[PDB]
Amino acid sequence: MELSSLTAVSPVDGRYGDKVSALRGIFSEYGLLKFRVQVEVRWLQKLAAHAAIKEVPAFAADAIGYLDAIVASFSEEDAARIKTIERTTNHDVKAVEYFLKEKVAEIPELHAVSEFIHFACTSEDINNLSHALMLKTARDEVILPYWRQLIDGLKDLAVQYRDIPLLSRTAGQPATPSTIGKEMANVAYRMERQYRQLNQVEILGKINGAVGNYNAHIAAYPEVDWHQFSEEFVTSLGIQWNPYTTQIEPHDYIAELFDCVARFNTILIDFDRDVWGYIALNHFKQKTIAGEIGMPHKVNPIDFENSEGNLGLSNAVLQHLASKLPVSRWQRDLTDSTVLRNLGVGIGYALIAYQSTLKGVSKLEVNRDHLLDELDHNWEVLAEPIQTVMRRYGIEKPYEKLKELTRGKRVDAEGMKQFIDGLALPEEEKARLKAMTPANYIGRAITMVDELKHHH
C-alpha cells in the first residue's frame, strides 16, 4: 500500500497527521535535506567572501542570488533527486554534495568552484547544524506558542473560577477547601517555570571536520584561522557555538531541551488527570456537539484522555533520545544518525496532546451547584480551624479533642456548632467559628489567584 494518512503505521503521520503538519517541513527527511542544503550553501558563500581564500573569489550578485534560490526554493522534487543520487552513494550527505554540484554546473562562476562545495567538511558538520536549526525552529515557532496558549488558558480558568469553592482531596479524601481557580493557578505557575527554562536552553552547533580538530582545513589552508572561522559560521546561522567536539556535536543540549519538554509534559499529565477526576466527581460538565456520539447517556472527557495518552508516548521518546544520544563510541558511532531522524516524533506526540488539552479545556463547564452541595456535606473539615483556634487560646488537647469528635465519624453543621458552643473561648472568636462554613473556609485562595500576575 502507498503511504497516506490512512495507511501510515504511526498515528503521528496517520490519524493525527493534520495536527502536526508544521513538523513536516522541519523534522522529516525533506526538512533534514532542506536544512543541510542551507548549511552547505552558506559555507560556500563564507569561503568566497573570505579574502584569504582566493581560490574562491567573492561571488557576483547573480551567483549569490542563484545560491540563495537553491536554498529558498528547495523542493520535494529537489529532495527526490538527492534520494535518487543516494541510491548510488549509499551516503546521504555525499548525495547532497553531488546534488549541489549538479545545480551549480550551469553557472560558470559557481561551477568553477564546484569542488569547494563541502570543502574540508565532515557530514556531521552539516548534520549537527541542521539539527540545531530544526530544534530552534520547532521551539521558537511551534512548541513555545502552544505552551503560551496552555499557560494563558490555565490563567483564564484561574481568573474565571477564582472564587468558586472546592472540597480539596488529599490522599483522595475530603480536606481543607480551596477554590477551582487557585488549583488552576498552581498549574499555570509550574508551566511558566518550564517555559522560562525551555526558552533559556542553549541550542549548540559546531563545524570542525572529521574528528573536531580542523585537520583537513589546516592541511590545505594553514594560514587561515579556522577556529575563528568556525565560531563565525555557527553564530552567523543563529546557533550558539560548541568549540569542543569529536566528529559529532555531543548532543547534551538536546537532552537539556528534551528534559525540560518532558517536565512540562509531566505537569500537563498531572493536569489532564486532575481534570479527568474533577469531571468524574461532577465538578465540571462538558459541552456537547450536535451529531456526535459519546451507553447513549455518557459524555466522556476524551480530549484530556487523548492528551494524557500522547504525553506518555511523547516522554517515552524524548527521554530515550535524551539518555541515548550523548553516548557515542570513541570519536562517534553512527547509531545516533537514525535516532536523530526521530527528533520530531517525541515533539509530535506532545503537540497532539497540547491541542487535545486545549480542546478539552474549551468544553469545560464548572458545576458550582455540585461543588457547593458537596462542601455542605463535609463539615468535618472545620475540625482543623477549630483546633487551631483552640491552640491559640490555650485550650488543652485541641487536636486530640477534634480527632475524637470527627475521625471516622459523620458530623453535620449542628454537631460542629454544638462543639464550638462548648469551648471556653472569647465570645467574638466563638461567633467567628460558628460563622464559617466549608464553602467559606478557603483561606487566601482568592487573593492568591488575583496576585498570580505579580509573579514571573
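In this text, residue numbers run from 1 along the sequence as written.
* What number of residues from the deposited sequence go unmodelled in the gap from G294 to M295, classed as none, 1 to 3, 4 to 9, or 10 or more? -> In the deposited sequence, 1 to 3 residues between these two have no coordinates.
* Select between 37-45 and 390-398 the stretch whose C-alpha atoms have the higher average B-factor in the entry. => Result of the comparison: 390-398.
* Would 281-289 or 79-87 have the larger average of its C-alpha temperature factors, as given in the entry? -> That would be 281-289.
* **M1 by Cα B-factor - lowest, middle or highest third of the modelled chain** => For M1, the deposited C-alpha B-factor lands in the highest third.
* Consider only the C-alpha atoms of the modelled residues in this chain, order them by B-factor as the entry records it, and name the third containing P222: lowest, middle or highest. => Highest third, going by the recorded CA B-factors of the chain.
* **Third of the chain, ranked by Cα B-factor, where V159 sits** => Its C-alpha B-factor belongs to the middle third of this chain's values.
* Asked: Mind checking which third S114 falls in for C-alpha B-factor across the chain?
  -> Within its chain, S114 is a highest-third residue by C-alpha B-factor, going by the deposited values.
* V96 - which third its CA temperature factor falls in, relative to the rest of the chain -> Answer is middle: the recorded C-alpha B-factor places it there.
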